[PDB]
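Chemist: To start, I am sharing the structure in question, which I have written as structure tokens.
When we count neighbours, we look across all protein chains shown, and the Cβ atoms used for this are built from the backbone with ideal geometry, even at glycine. We did not get these values from a lab; they are worked out from the coordinates using the rules stated.
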Amino acid sequence: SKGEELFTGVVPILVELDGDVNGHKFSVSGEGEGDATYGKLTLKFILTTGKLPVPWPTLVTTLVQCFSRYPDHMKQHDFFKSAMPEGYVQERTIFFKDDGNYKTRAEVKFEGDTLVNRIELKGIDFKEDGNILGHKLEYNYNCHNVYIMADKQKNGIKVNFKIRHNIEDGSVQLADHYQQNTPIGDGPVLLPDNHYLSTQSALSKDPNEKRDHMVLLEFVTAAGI
């Protein structure tokens, strides 16, 4: 895969999310940059349309695993970069325990020199008295390991993992993620051996920013081979 060669230096990133949660419509734009050599993402996300109906942390997984650092001894397991530049479709179902679900479909590809993540998100069956619609979740994020499995018969990869969102009242809201990734192109991609991505995410605020937003710093490292 020459896909890998596109990630040697700093890559500009555009994220666009069109969202509908319980019929509440909203749009989010993200800009920043990824440096896959260090597994490093720096992004700023801004609500551009509507009022944000869900907590920022619940959108982190939805808002570019091609920026993961794969150690040299695992480069042949890096599906995300091998699909580039044509990209991959990333699909999820996210089950929020005892609450609603997100269905997401994204296209991650180069549009010129920019790595672009274009997402449609539909959320339904969220409770007005719940951790998501009642904005009860802490503005914070935990380190998570993501288990990546080849799905040979579907020419892609399958990803299961549970996000633990801390609530201010001292409970945890579980977010059970079911992920599939499939190339857009016809050219060869790497089907990996089983492995995981260790993801550290830091959420912050821009003190000069008046719009609803989220600043995100992430380090992602592949492991387990």
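Chemist: Restrict the check to the stretch 211-224 and report whether at least one residue is polar (S, T, N, Q) and surrounded by 15 or more Cβ atoms within 10 Å (Cβ to Cβ). Explain how you work it out, then say what you get.
Modeler: Of the stretch 211-224, the ones polar (S, T, N, Q) are 221.
If we keep only those that are surrounded by 15 or more Cβ atoms within 10 Å (Cβ to Cβ) too, we end up with 221.
Scanning the stretch 211-224 turns up at least one residue that is polar (S, T, N, Q) and surrounded by 15 or more Cβ atoms within 10 Å (Cβ to Cβ).
Chemist: When you look at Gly19, is it under 12 Å from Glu218 (Cβ atoms) and part of a strand (DSSP E or B), yes or no?
Modeler: On the way: under 12 Å from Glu218 (Cβ atoms): no; part of a strand (DSSP E or B): yes.
No: the conditions fail for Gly19.
Chemist: Now for a different question. Among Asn145, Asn131, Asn140, which is closer than 25 Å to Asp35 by Cβ, in a loop (DSSP other than H, G, I, E, B) and not aromatic (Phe, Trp, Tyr)? Quick ask: steps written out before the conclusion?
Modeler: Details: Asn145 fails: in a loop (DSSP other than H, G, I, E, B); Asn131 fails: closer than 25 Å to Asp35 by Cβ.
Only one candidate qualifies: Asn140.
Chemist: Within the stretch 130-152, is there a residue that is basic (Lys, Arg), at negative phi and exposed (fewer than 14 other Cβ atoms within 10 Å of the Cβ)? Lay out the reasoning, then the answer.
Modeler: Initial filter on the stretch 130-152 (basic (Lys, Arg)): 136, 152.
Then drop every residue that is not at negative phi, which leaves 136, 152.
Right, trim to exposed (fewer than 14 other Cβ atoms within 10 Å of the Cβ) and you get 152.
Within the stretch 130-152 (the criterion being basic (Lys, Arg), at negative phi and exposed (fewer than 14 other Cβ atoms within 10 Å of the Cβ)), the answer is yes, since at least one residue qualifies.
Chemist: Would you please name the residue that is surrounded by the fewest Cβ atoms within 10 Å (Cβ to Cβ), looking only at residues in the stretch 30-74 that are more than 30 Å from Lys210 (Cβ to Cβ) and of a type in the set (A, V, I, L, M)? Full working, then the answer.
Modeler: If we filter the stretch 30-74 for residues that are more than 30 Å from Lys210 (Cβ to Cβ), which is where we start, we get 36-39, 65-66, 68-74.
Within this subset, residues satisfying the condition of being of a type in the set (A, V, I, L, M) are 36, 74.
Working: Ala36: 25, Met74: 18.
Only one residue tops the list, namely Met74.
Chemist: Filter the stretch 34-76 for residues that are part of a helix (DSSP H, G or I) and under 20 Å from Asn131 (Cβ atoms) and give the result.
Modeler: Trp56, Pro57, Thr58, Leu59
Chemist: So which residues in the stretch 20-61 are hydroxyl-bearing (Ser, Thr, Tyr) and under 18 Å from the mean Cα position of the chain (by Cα)? Give the derivation first.
Modeler: We begin by selecting, within the stretch 20-61, every residue hydroxyl-bearing (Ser, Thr, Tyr); these are 27, 29, 37-38, 42, 48-49, 58, 61.
Result: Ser27, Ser29, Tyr38, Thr42, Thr58, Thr61.
Chemist: Look at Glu16 and say whether it is surrounded by 16 or more Cβ atoms within 10 Å (Cβ to Cβ), in contact with a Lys or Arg (Cβ under 7 Å, 6 or more places away or on another chain) and not hydrophobic (A, V, I, L, M, F, W, C). Break it down into steps so the answer makes sense when it comes.
Modeler: Details: surrounded by 16 or more Cβ atoms within 10 Å (Cβ to Cβ): yes; in contact with a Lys or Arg (Cβ under 7 Å, 6 or more places away or on another chain): yes; not hydrophobic (A, V, I, L, M, F, W, C): yes.
Criteria met by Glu16.
Chemist: Among the numbered criteria (1) among the hydrophobic types (A, V, I, L, M, F, W, C); (2) touching a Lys or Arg at 6+ places or on another chain (Cβ under 8 Å); (3) within 20 Å of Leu197 (Cβ to Cβ), which single criterion is violated by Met74?
Modeler: Unmet for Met74, out of (1) among the hydrophobic types (A, V, I, L, M, F, W, C); (2) touching a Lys or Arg at 6+ places or on another chain (Cβ under 8 Å); (3) within 20 Å of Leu197 (Cβ to Cβ): (2).
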